[PDB]
Ligand code: CLA
Ligand code: CLA
Ligand code: CLA
Ligand code: CLA
Ligand SMILES: CC1=C(/C=C/C(C)=C/C=C/C(C)=C/C=C/C=C(C)/C=C/C=C(C)/C=C/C2=C(C)CCCC2(C)C)C(C)(C)CCC1
Ligand SMILES: CC1=C(/C=C/C(C)=C/C=C/C(C)=C/C=C/C=C(C)/C=C/C=C(C)/C=C/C2=C(C)CCCC2(C)C)C(C)(C)CCC1
Ligand SMILES: [Fe+2]
């Protein structure tokens, strides 16, 4: 292993990913998955507000 | 082909393909459990069908609580 | 323990094996009495 | 090894091929046929259905039968040596032990027979489409003589082995299950009726589209048992039907597969329908119809008419058809039209 | 990726289409009554 | 009969299928509300 | 009349879906070169 | 709720029919030799 | 040829032939029972 | 087109056959006849004789009403001179 | 609504009939 | 019934999305 | 050697006789109605 | 090319895409499970576990979730009817949630295994071509099965590290989730004893673990490997199906006849309970007991718990209904509201009459009244011309004890006949037909449906077995036959 973290950073930043998970992506991808999943559930089954 | 981490670790488990035992191998021993299973089923069947009664075993909604 | 119906079960489990016996007995015997090739 | 010698002997080409299968087939098949022929002439159905059911009592080939066991027996296998008969033979007979005998034995006899087909096919090296086909008759026997009564109160409501004893099974299903109105039964008949058509039509099509291979009129001798040319003009047949019916075969391989499919698919559908009749999950009524018939006294269809026929069947038959229920229907409660 | 070598083409002739449709339609004509019940 | 010489083959690429379906589905998501009214 | 509400869609989808299946194949068969 | 009875089949056929159209084509295109 | 006697076919043939006649005899007797 | 068995045709024609079967066939027949005519069959199969369906007065049927004590119940049905 | 459904399918079967008889695949001999 | 229909279509669009992104026709250069 | 055609016509009448006895029994036996 | 009914043969020897396939399948079955649940949770009414329990609301998945522990909702209610309970995460919602996710994951997995179909693991080192060593696999899988089987019985059903299972009294009145101790005795083979369901999974589990190892070690005897065409996956199918339909025919039977595995408080009464007047006898027994302890007829019948009376109603008998009589049992007779009470019929002389009940077999049945000795005393005539027992001529009356109509009596012929017309079905109840717009035509319980569906599938699968089996032993002669002319000469 050339160095785990060094590799990690090389994967994340890799321009060979089908979808470019970037550094901003590391914050993007989770936050957007929370927003969408909560939304979809809310819009369908949430009770009166 | 395409090897992979998991793929190699599992490589042994899948390789002994056509490997068979010689002649009538374990067959006769197998043919005994088979006959035992057959009798075993016939018992639990006949118990459910109340053809084989056994004081202690009451095949009804009773014997429950 | 060993109730009348349980006794009957053996009687039927035994009378059955017998039939299988005599059947395969006769068969295995007559089978080994001709089949030349 | 003895095994291969046991094998050797069995698979020997005799007049009546035995085979491994035979070890199962012949014992059962004979006992089944035997038990029927026995009961048919000697055993009674008095203690079981309050009915005379054998020649010895005066019944003829139509009225004779091996009637089901009492309703008291439940789904009991009724073994000769079981809690009921208790090893006794005469009692066994009077409790309708001969029914479960014929049923269960014959059941295995049908397994053996299909196995035979499978076994003989393999040896002769032909495809097992004779075995696939025979699945249909199994399904029927299994669903009607086993699965059905297994869903009801007891063996008593399974079809009794006999000619007349089967006609009431028909009438019953009409009266109680309105079976004729069932989508699956319909498919059933569509297959058997339609299958008996393919049989007839193809046969006739062949005999009257034959080439001349002899100088006689009785063209039967004129046939080549050893293949070669087609014995009938497949090309002429095609043109015939293509002009009289508008549609016509043109691939003997398909025409023949079709002949397997139609009657086998039919019987399978008719089976499913009964498997549902076991749980009484019938196709008795049309709700939209009943609702209008309730509110509106002038609405009458051939459907409503039929249901009334059922009411009569149930009311007038149930008493002597279900003895264990000790039914008593006063003359005044008996549904009846005018004058009749 | 390598073009998977286990694939064959699929076929349905005209007659089969007809034979097909006839089955679907008539089944629909048979079950519609019970669907509307 | 003579094979009519005015016929050409028809084509619909994969992307078009997608673009198509996307249109159909979303329109359905837009009008269903008014269909159920 | 007093029929089932789903009767219509049950019959519709029962006809379309499988017919649609067949048609998809036939046409794709029909258009295979040579 | 108190919706339209035909709403369901109206939406169903609106989706199936044209989608079914496309698919028939795509698949028939897809299977053209060479 | 020098055909044998007791064969498998023979066995079969008799399992059905022997009972049959025994029954046909039985039934034939029933035709006279009365009351 | 052939197997070991001796062609039925020959056998059904052999004078030996008939010399055997002229004895055997009627034998079985007269046996079965006696089976019925001696009333034995009635007892082998518990089948009621023309005068054994009901008791003189009774017009009820001897319906077996419970599985386990059926045999016992059946025996009692024969009691009332049924 | 139901009447319409019954007649439709029927009308569809008759349509099929037509196409089946007059638009079948011509049955070609030997060289098929 | 309506809810089911709305969710169904939505789920179908998401299904589409997937296939569109991960099962498109690979975009080939020059020699196309 | 007993001529086949005689084996048949004798075994034949023999059946018409027994099966005919059955038919008579239908108007005399227990299967009667009298 | 390939006929339509063969398109899936494209996998017969492509272990990768075969796994990709079964992954998608599993995904759909898991997906269905999750979402079928949500459908039930969006329509199931917990407002009354006594007269309107899951099996009256056409619930099919909800019972299978209670049998193993999950008996609560995140919204507060619970199957048994308690409040304040905290189901934790594993509530009906939870289970439904879980499956939906497991489906999504299996989906993604199915995709990966499709694109990366040519993993080396499927190629035999020797022949260098695709191959799967079935005999050893079976051993592996079977080991895992028995290992998991063991655990299920050992920790779940016993309560050691789990909830337990559904257990109820002999008349479904107390039922709930409780830890069940094993039972290796003889009575542990009794279908109606929970202890047997535990012991089994522990014993069969172990035997399953043992048997697994064996097959991981011992190889298949040449004779067999040849006979049962092993090393040919389309035979694993033929055998599996045979087992699958065997399992099927069995579950269909235990559902119809009843067992500790199919409890009435979750699936509904049994047709045989109505046949033998099961619940009718338990009622009487209780009522006569109360009379012994010096209670009045009013008090006696009033003591009879509503739930108990409810089971004594033919409108809960799975043998009533129709194939196209869709929906819950409530679209039939309506949502049960309350027990009107026991109806006692009497005639001018004071004699007590009894209404002949309706056998499941009969769609419609006549109203006949007899005394203790079974003598017909009264009835509702068809042809009035010569009626001897009309309710009018006999002065028939009806009185109720315990329930809505408790203490009341009715004497005007029409009203008397109405209730008599109702007594035929057993205990008379008060239904709400408005809500669901019921039609008054009996429908079957989930017990009935599950039984029908599985009895069919099984019988259908048999054909699958017979078909695939044949196609394995006759692969060679498939496509057709060829030459020679041997037949009649050994
Ligand atoms: C081989 C063909 C065959 C088959 C499959 C059957 C099958 C059957 N017969 Mg049967 N039968 C046959 C031939 C056959 N018969 C013949 C030739 C006759 C004439 C003699 C009969 C006469 C006959 C009668 C008179 C009756 C049956 C009955 C039955 C059924 C129930 C019997 C049973 O419980 O078996 C039990 C199964 C066994 C005995 C198999 C045991 C095999 C194991 C491997 C041997 C183990 C033995 C060992 C001691 C056990 C050790 C365990 C230890 C703990 C004690 C069953 C369907 C009964 C029935 O029809 O009831 C309705 C019945 O009354 N049969
Ligand atoms: C086999 C498993 C199974 C079982 C036992 C049940 C059972 C039940 N479901 Mg159900 N369901 C299932 C699977 C199952 N479901 C699946 C997979 C789905 C997803 C689509 C649903 C979706 C569903 C819904 C949305 C609802 C139910 C409801 C119900 C309950 C009412 C009963 C019903 O409506 O019967 C209906 C039975 C039928 C109409 C019989 C269908 C038989 C068809 C017509 C035969 C087809 C024959 C074929 C065409 C012939 C061609 C062959 C030939 C070519 C050879 C009942 C408990 C209802 C409930 O909630 O109650 C309150 C309800 O609303 N279910
Ligand atoms: C993470 C693992 C997991 C867990 C914990 C559960 C848990 C549950 N599932 Mg489930 N499920 C899973 C994965 C899981 N599932 C997957 C992957 C699928 C897709 C295939 C499903 C599909 C599914 C459906 C469709 C349903 C459930 C249901 C349920 C619930 C009822 C359980 C039930 O009674 O099972 C019953 C268990 C059996 C079927 C017994 C299996 C025993 C077989 C017959 C033996 C197999 C032969 C064996 C190899 C022989 C060797 C044994 C040896 C020891 C002798 C329960 C909460 C039900 C529910 O109520 O809905 C939410 C329901 O309907 N699940
Ligand atoms: C254990 C489950 C199982 C599995 C894994 C298979 C697998 C297979 N079967 Mg099969 N089969 C099964 C059960 C199973 N079968 C049963 C129970 C039967 C008897 C009814 C059959 C009868 C059968 C036949 C007659 C044939 C196969 C064939 C095949 C092979 C090709 C499949 C094909 O391309 O279909 C193509 C599938 C479609 C394009 C048509 C499906 C349309 C269905 C009928 C409509 C219903 C869809 C619905 C979602 C199903 C619900 C599932 C239900 C069980 C819950 C394949 C290996 C074929 C083969 O041998 O080829 C040489 C073949 O001819 N099978
Ligand atoms: C039961 C049982 C058993 C068995 C037994 C047996 C096996 C028997 C057999 C039997 C038999 C095996 C019998 C047979 C019989 C037969 C008969 C009786 C016949 C008759 C016939 C006739 C009469 C004919 C007629 C005709 C026809 C049909 C056609 C047309 C022409 C003529 C007219 C010729 C045992 C012991 C094991 C055990 C217990 C139970
Ligand atoms: C991706 C993803 C996700 C999601 C997922 C989902 C959302 C899923 C869904 C799923 C689903 C939602 C599924 C469903 C399914 C269903 C089914 C599969 C069904 C079937 C049915 C059937 C088959 C039926 C049939 C029938 C009929 C129709 C009638 C007659 C009878 C019968 C029954 C036969 C998440 C976010 C988690 C994350 C990860 C990723
Ligand atoms: Fe032919």
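Heads up, residue numbers simply count up from 1 along the chain you see.
Determined via X-ray crystallography, 6.6 Å.
Every residue gets a Cβ built from N, Cα and C, even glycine.
Here is what Swiss-Prot records for this protein:
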| type | residues | note |
| --- | --- | --- |
| TOPO_DOM | N:1-15 | topological domain 'Cytoplasmic' |
| TOPO_DOM | N:37-93 | topological domain 'Lumenal' |
| TOPO_DOM | N:116-133 | topological domain 'Cytoplasmic' |
| TOPO_DOM | N:157-195 | topological domain 'Lumenal' |
| TOPO_DOM | N:218-232 | topological domain 'Cytoplasmic' |
| TOPO_DOM | N:254-449 | topological domain 'Lumenal' |
| TRANSMEM | N:16-36 | transmembrane segment |
| TRANSMEM | N:94-115 | transmembrane segment |
| TRANSMEM | N:134-156 | transmembrane segment |
| TRANSMEM | N:196-217 | transmembrane segment |
| TRANSMEM | N:233-253 | transmembrane segment |
| TRANSMEM | N:450-472 | transmembrane segment |
- What are the DSSP helix, strand and coil residue counts for the topological domain 'Cytoplasmic' (N:1-15)? 9 helix, 1 strand, 5 coil
- When only pairs 6 or more apart in sequence are counted, do the transmembrane segment (N:233-253) and the transmembrane segment (N:450-472) reach 3 or more Cβ pairs under 8 Å? yes
- In the same chain, who gets a Cβ under 8 Å from the topological domain 'Cytoplasmic' (N:116-133) while lying at least 6 residues past its ends? 13-17, 20, 231, 233
- Secondary structure content of the topological domain 'Lumenal' (N:157-195), with strand meaning DSSP E or B: 7 helix, 6 strand, 26 coil
- Message: Using Cβ atoms and a strict cutoff of less than 8 Å, what residues sit near the transmembrane segment (N:196-217) while being 6 or more residues removed from its termini?
- Response: 135-136, 138-154, 157-158, 165, 180-184, 187-190, 260-261
- Query: What else in the chain is close to the topological domain 'Lumenal' (N:157-195), if you only count residues 6 or more beyond its ends and a Cβ gap under 8 Å?
  - Reply: 66-71, 80, 201-203, 254, 257-261, 263-266, 279, 282, 305, 307-308, 311
- Cβ-Cβ under 8 Å with the topological domain 'Cytoplasmic' (N:1-15): same-chain residues at least 6 beyond its ends: 21, 117, 121-122, 130, 132, 233-234
- Residues sitting near the topological domain 'Cytoplasmic' (N:218-232): Cβ under 8 Å, six or more positions beyond its termini, same chain? 131, 133-135, 239, 472-473, 475
